[PDB]
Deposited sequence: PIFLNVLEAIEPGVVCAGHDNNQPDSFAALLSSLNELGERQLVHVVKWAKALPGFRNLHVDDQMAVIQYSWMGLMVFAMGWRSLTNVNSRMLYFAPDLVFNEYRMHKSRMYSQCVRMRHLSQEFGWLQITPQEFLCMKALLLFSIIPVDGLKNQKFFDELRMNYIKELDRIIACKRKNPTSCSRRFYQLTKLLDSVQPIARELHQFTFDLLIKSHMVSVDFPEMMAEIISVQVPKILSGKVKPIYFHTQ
């Protein structure tokens, strides 16, 4: 079981947001801390992705591209999983030091997006997703969003993506196809969520000075350079099933 050995070994550790929980729960304070969390998580997602089986067979530019497109989905998926194990069905465990109750979901002005992330977290429970299924699905998510113009070497990407589909299939097989149906629908459901957060974070960056929300350097860059390519349709998710 080489492949699963690898996925479990490279899985990133606990990451703290650096949030001072002693301050009043403001919009400005919550969102600056999520942005800080995003910056620190992006560091772990990079090292993780670079260590995945076959990842270096991608052209260097494509390596950087898929990470920059996929990070939001990847982080949301992992977060829902932490949430499942750590908190109740009504809260979102962004970090040990940044757990959203209903009040914070409201003050963040992200209530409706939070409701979707919670549903995602509950689906992991409802479907009884295993650690092994979780890890293979999360690897797949990295290879689930690409430019419509195609990548620098698209051929290598398509082959890598095929291998990770086959790995998820293997993990399932151990009816059988009903599980595969379920997992692919779950995977698809990530993308509309990421899309709403993309739109939210983009809007927030533009108004960020007016509302006193701080955006760290990598975040500022990625949200101004890469996110708008998603929002304008130059970069699109790959769905398993038609939307």
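- One segment of the deposited sequence has no coordinates for C-alpha: 175-180, numbered from the first residue.
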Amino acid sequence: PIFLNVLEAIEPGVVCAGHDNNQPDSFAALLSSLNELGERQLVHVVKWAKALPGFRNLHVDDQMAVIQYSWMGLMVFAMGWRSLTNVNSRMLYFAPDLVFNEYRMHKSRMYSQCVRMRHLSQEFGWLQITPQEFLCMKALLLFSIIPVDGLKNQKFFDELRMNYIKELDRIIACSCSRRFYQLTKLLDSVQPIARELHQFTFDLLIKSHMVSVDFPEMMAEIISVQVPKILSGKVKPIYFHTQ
From here on, numbers count along this sequence of modelled residues.
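- Legend: mean Cα B-factor per stretch from the PDB entry, 41-49 versus 204-212; the higher mean is in 204-212.
- Higher mean CA temperature factor, per the PDB entry, when comparing 7-15 with 20-28: 20-28.
- Ranking 34, 194, 187, 176 by the C-alpha B-factor listed in the PDB entry places 176 at the top.
- The residue among 88, 101, 112, 144 whose C-alpha atom has the highest B-factor in the PDB entry is 88.
- Among all modelled residues in this chain, the alpha-carbon of residue 65 has a temperature factor (C-alpha) in the middle third.
- Placement of the Cα temperature factor of residue 219 within the chain: highest third of the modelled residues, per the deposited record.
- Among all modelled residues in this chain, the alpha-carbon of residue 77 has a temperature factor (C-alpha) in the lowest third.
- Among all modelled residues in this chain, the alpha-carbon of residue 126 has a temperature factor (C-alpha) in the highest third.
- The PDB entry assigns residue 107 a C-alpha temperature factor belonging to the middle third of its chain's modelled residues.
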